[PDB]
Amino acid sequence: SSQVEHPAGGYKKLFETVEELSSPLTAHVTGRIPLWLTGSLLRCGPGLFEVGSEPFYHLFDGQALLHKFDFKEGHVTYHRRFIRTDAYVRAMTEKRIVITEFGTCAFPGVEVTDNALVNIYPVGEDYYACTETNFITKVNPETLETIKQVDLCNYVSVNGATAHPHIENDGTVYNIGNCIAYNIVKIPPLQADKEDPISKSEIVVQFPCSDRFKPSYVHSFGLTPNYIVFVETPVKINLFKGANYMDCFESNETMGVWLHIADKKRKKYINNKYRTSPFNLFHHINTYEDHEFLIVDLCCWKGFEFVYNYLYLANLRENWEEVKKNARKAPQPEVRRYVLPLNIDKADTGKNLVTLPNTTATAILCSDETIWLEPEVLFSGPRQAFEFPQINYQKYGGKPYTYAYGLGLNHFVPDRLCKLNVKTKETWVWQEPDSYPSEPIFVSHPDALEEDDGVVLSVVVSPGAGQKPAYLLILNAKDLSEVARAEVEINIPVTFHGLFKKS
Amino acid sequence: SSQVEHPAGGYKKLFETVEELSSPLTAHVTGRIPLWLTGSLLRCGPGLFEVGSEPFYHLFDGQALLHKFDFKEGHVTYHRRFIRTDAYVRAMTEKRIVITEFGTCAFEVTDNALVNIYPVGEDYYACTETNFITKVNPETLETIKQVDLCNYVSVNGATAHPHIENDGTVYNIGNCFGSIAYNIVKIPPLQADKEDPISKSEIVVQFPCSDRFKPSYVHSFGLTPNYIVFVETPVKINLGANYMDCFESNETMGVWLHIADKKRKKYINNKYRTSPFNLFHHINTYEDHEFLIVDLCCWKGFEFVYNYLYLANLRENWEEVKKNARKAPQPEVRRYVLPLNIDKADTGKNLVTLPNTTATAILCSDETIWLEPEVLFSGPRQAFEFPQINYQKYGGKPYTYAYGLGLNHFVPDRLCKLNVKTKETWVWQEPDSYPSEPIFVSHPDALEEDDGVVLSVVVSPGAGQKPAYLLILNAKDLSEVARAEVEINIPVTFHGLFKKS
Ligand SMILES: CCCCCCCCOCCOCCOCCOCCOCCOCCO
Ligand SMILES: CCCCCCCCOCCOCCOCCOCCOCCOCCO
Ligand SMILES: [Fe+2]
Ligand SMILES: [Fe+2]
Ligand code: NA
């Protein structure tokens with residue numbers, strides 16, 4: 001949890017417009033940048049929160065800004081360019097808001113936003129900035145130049161895809177989108193023919209929907225070597241409904257949460273009716289197989305009200321006492337472990353199927369064949385969210401693991417970095433006053449023997465008058481002890497997701 | 001949690017018949033018994049697990065044995081006598097099982113008071129969960145008389161966990177014919193007229209039932225100055241059969257929570273709902289602004305946990321005990337927060353605006369209030385059970401500390417302290433040592449909540465030790481202060497009290 005209040009209101013600088021750079025800046029290093037840290041921290045976020053006198057209203061509306069911290073021989077540069085999306089280009093052309101964003105209607109067929117402010121991921125030799133629509137934007141990871149807009153609907157049958165695709169070691173990309181059903185998209189690795197892997201995209205498996213005409217909002221999903229896990233939440237999209245995307249969301253009060261598993265290799269939906277209490281879910285932490293059970297670690301919000309209702313910029317820009325009051329009635333954040341039994345024996349009807357020796361998670365087989373799940377709580381703090389979770393993904397993604405790293409939210413304000421041991425539930429915290437960090441990204445030491453042998457990288461906004469406005473933070477992944485910072489002389493707004501590109 | 005396995009199977013001595021004493025034994029003290037500790041630790045449990053060649057089958061079937069550890073000037077005595085119930089007397093007379101027990105059919109409702117003992121006026125009553133409570137002499141352990149609560153108030157039975165206010169007022173709950181309902185019994189304090197307070201018993205409030213003909217099993221309930229809290233679980237009573245044979249699990253209802261205004265004697269029609277669990281022991285309940293804090297020892301699932309407490313299963317070797325518990329409900333300490341002020345304008349939102357909890361209460365359109373708990377403690381088949389607090393000063397009030405018996409696959413093998421604010425735990429544990437419910441005794445001049453000792457009866461069947469002892473831990477850190485060792489075995493005990501003198 002946080003041990004800090006924010007009366008000075010410095011968090012408002014997260015939601016303030018900035019200018020892009022013409023070329024990279026030098027960043028003043030304090031401490032020692034690891035000499036093995038060679039590559040680029042690439043991150044996406046909103047950078048322009050108004051077009052002249054026309055404001056963007058929601059956190060997910062601001063125009064995509066691509067950030068890069070380059071590391072080489074203990075030296076750091078910072079560069080950023082706005083992504084030349086239809087949304088951005090047409091806004092600069094017409095000097096107004098042209099395309100409707102998540103929570104901001106544009107005034108005068110349907111022009112869906114391509115504002116790729118959320119994440120960036122590799123496909124073959126290419127990198128794509130994304131939002132949660134059918135439009136992803138190919139970007140140059142060295143110059144940050146915008147290359148091309150790609151419409152996924154040209155290639156596969158989905159209305160959109162999440163900003164959280166899973167990426168196997170061979171470069172295979174998995175994603176999910178509604179079409180009502182939910183389709184798993186598989187993009188293969190780059191072949192010897194060297195054609196665009198997106199032109200070889202296919203639907204491998206389909207998940208059914210709880211409502212014939214209303215798909216659940218899906219932000220992320222789980223992947224193991226053998227299984228795909230999809231969590232159907234009571235946050236529903238109502239297509240029937242000057243409207244924006246936010247206006248289409250409603251809460252189903254009665255359904256609670258339905259969990260779904262598919263056989264990855266046999267490409268089959270498994271008709272196991274996993275059920276539990278209502279929660280919002282944005283980020284899966286990790287998923288793995290343990291005997292005949294799937295371990296499903298989730299960042300949950302307890303309730304069926306859409307958490308995005310609390311992320312309007314006008315509310316996030318209020319003074320600290322008003323920010324805390326606004327969050328009082330919001331869903332409570334909680335890290336939960338669910339355990340999904342794969343072998344359901346009818347003889348065990350009415351009993352707990354989770355026979356694993358190291359968990360308090362339960363799965364009750366009911367007479368109607370529904371399997372009622374109770375979680376093991378890994379972390380819980382009052383309006384203290386362990387969010388934007390990251391692991392040692394390359395080596396422990398989809399596999400038994402011990403450690404997760406997170407951004408700590410204090411009434412939705414990011415004010416700390418967190419490490420969670422998911423086996424012992426021990427936590428580590430890094431926190432300084434009037435300092436607002438981003439999602440921590442783990443980079444392994446090249447000679448790593450342990451899971452947490454490496455560093456986490458975070459972009460920190462420090463608007464305190466006796467400090468430079470922002471810096472790149474490097475923590476030791478062992479104990480979250482500071483290793484170095486690279487300070488820059490310009491402000492950096494909020495960033496959501498990113499990756500470390502090794503070179 | 002426990003850090004111990006039990007391959008030697010010493011826990012079997014918890015479920016072995018013992019003989020009563022004709023007079024108290026001296027107990028060899030190691031360490032120092034506090035000189036302010038003056039009174040009697042009274043505890044109830046099964047003592048006779050067969051009548052000749054006829055066995056009792058269930059943990060809650062053995063014939064009531066009343067235990068007493070007396071403390072005075074740093075010296076300890078141990079005494080025990082079988083309670084002369086109808087069940088016991090008729091069994092000794094006929095040399096067989098006469099009365100049907102919880103999980104043993106006889107080939108007449110049981111009065112086998114093996115569960116708890118509590119004060120009413122100047123008197124002490126051993127109880128089970130029936131209409132029959134047994135007046136006992138707390139000094140000699142002599143059985144005085146049988147009391148039928150049905151003679152006085154409209155209940156089919158009452159729990160072994162009555163709440164007792166500082167003035168001596170006794171509250172209890174039992175199912176009744178309202179169409180089935182649950183009645184709260186109030187027994188007043190002893191008046192100047194000095195007549196039996198049980199003859200002045202009355203029903204103050206009635207809770208409705210989820211099923212017209214099937215009452216939920218109720219083991220305990222919550223009490224605050226202003227409120228009564230009742231948790232209706234999916235474990236239902238469906239009326240050569242015994243009591244166990246009547247229990248079934250309602251798969252669809254989950255858990256219904258109920259509040260009544262204590263002083264205005266009114267049921268409040270707030271439809272609190274959550275996921276299914278078994279509940280035996282409330283830890284504590286208290287009021288915090290317009291919210292009730294409800295701390296519970298829960299078992300996650302709707303299967304009756306009592307299904308796992310047959311003596312044949314509890315007497316198995318350790319590897320078989322652990323395997324038997326694999327598919328059982330998981331124990332978990334949970335904090336629920338019940339909002340008292342429900343505004344329709346907050347429909348679809350979390351009503352729990354308290355700053356120090358992660359517990360939620362969602363107001364639904366059908367006016368159901370869906371609860372999610374804050375988890376205070378969770379360990380794999382490691383139950384924090386038989387909870388105790390500084391009851392006299394913190395019962396029904398804001399509090400920090402709970403003490404518990406730690407169950408390891410249902411085997412008691414440790415003593416636990418829980419800080420319910422920080423979730424920090426303390427453990428006391430020795431190999432091949434099986435303790436009982438810890439009872440907190442305050443230093444008489446204490447201003448702080450945990451300024452005192454906890455008392456536990458420990459079975460230590462290890463060949464290089466005396467068979468049992470009274471354990472005294474410092475309530476601050478559960479560090480050992482003294483033990484009083486006895487040269488005879490003591491079977492399992494459930495509940496009790498410290499009677500100050
Ligand atoms: C530093 C960031 C923290 C401040 C905000 C608090 C976040 C609360 O946690 C919620 C986690 O949200 C998920 C993170 O990803 C954010 C981007 O995803 C939403 C993008 O939606 C735009 C798509 O809309 C068009 C599709 O219909
Ligand atoms: C030293 C303790 C070790 C016991 C191990 C098993 C305990 C599992 O936890 C469950 C707690 O059970 C409640 C504690 O109270 C015990 C007695 O309550 C049950 C009495 O039921 C008798 C009912 O008989 C009459 C039916 O109408
Ligand atoms: Fe996200
Ligand atoms: Fe009990
Ligand atoms: Na500090």
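The figures that follow rest on heavy atoms only: side chains count, while hydrogens, waters and symmetry mates do not. Residue numbers begin at 1 in each chain, while the letters A, B, ... track the order of the sequences.
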_Assess whether a salt bridge exists between A:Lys302 and B:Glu374, defined as any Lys/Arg side-chain N lying under 4.0 Å from an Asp/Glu carboxylate O._
no
_Residue that, paired with B:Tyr306, satisfies ring-ring contact (aromatic ring centres under 6.0 Å, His included) out of B:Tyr57, B:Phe102, B:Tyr243, B:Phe247_ = B:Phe102
*For chain B, which of A:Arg383, A:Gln384, A:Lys324 has the most heavy-atom pairs under 4.5 Å?*
A:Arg383
*Interface moiety of B:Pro373 toward chain A, non-hydrogen atoms closer than 4.5 Å*: backbone
*Residue B:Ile362 versus chain A: region with a heavy atom under 4.5 Å*: side chain
_Please classify the contact between B:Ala325 and chain A as side chain, backbone, both or neither, with a heavy-atom cut-off of under 4.5 Å._
neither
*Go through A:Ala361, A:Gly256, A:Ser380, A:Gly381 and name the one with the most non-hydrogen pairs under 4.5 angstrom from chain B.*
A:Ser380
*If you measure only the distance, is there a donor-acceptor pair under 3.5 Å linking the side chains of A:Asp297 and A:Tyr401?*
yes
*Who among A:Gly303, A:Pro333, A:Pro331, A:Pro357 has the most heavy-atom pairs with chain B under 4.5 Å?*
A:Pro357
*Check each atom of A:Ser251 against the heavy atoms of chain B and say whether the ones under 4.5 Å are side chain, backbone, both or neither.*
neither
*Side chain from CB out, backbone as N, CA, C, O: work out which of these in B:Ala361 comes under 4.5 Å of a heavy atom of chain A, or both, or neither.*
neither
*Answer with side chain, backbone, both or neither: which region of B:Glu332 has an atom nearer than 4.5 Å to a non-hydrogen atom of chain A?*
side chain
*Based on non-hydrogen pairs under 4.5 Å, which of B:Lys423, B:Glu303, B:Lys323 is most in contact with chain A?*
B:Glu303
*Rounded to the nearest 0.5 Å, what's the gap from CH2 on A:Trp258 to CG on A:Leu373? Could you check?*
13.5 Å
*For residues A:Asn280 and A:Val307, report the shortest heavy-atom separation together with the two atoms involved.*
OD1-N, 3.0 Å
_Side-chain ion pair, A:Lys329 and B:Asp346, N-O less than 4.0 Å_ = yes
*Any chance the side chains of A:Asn352 and B:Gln330 put a donor and an acceptor closer than 3.5 Å?*
no
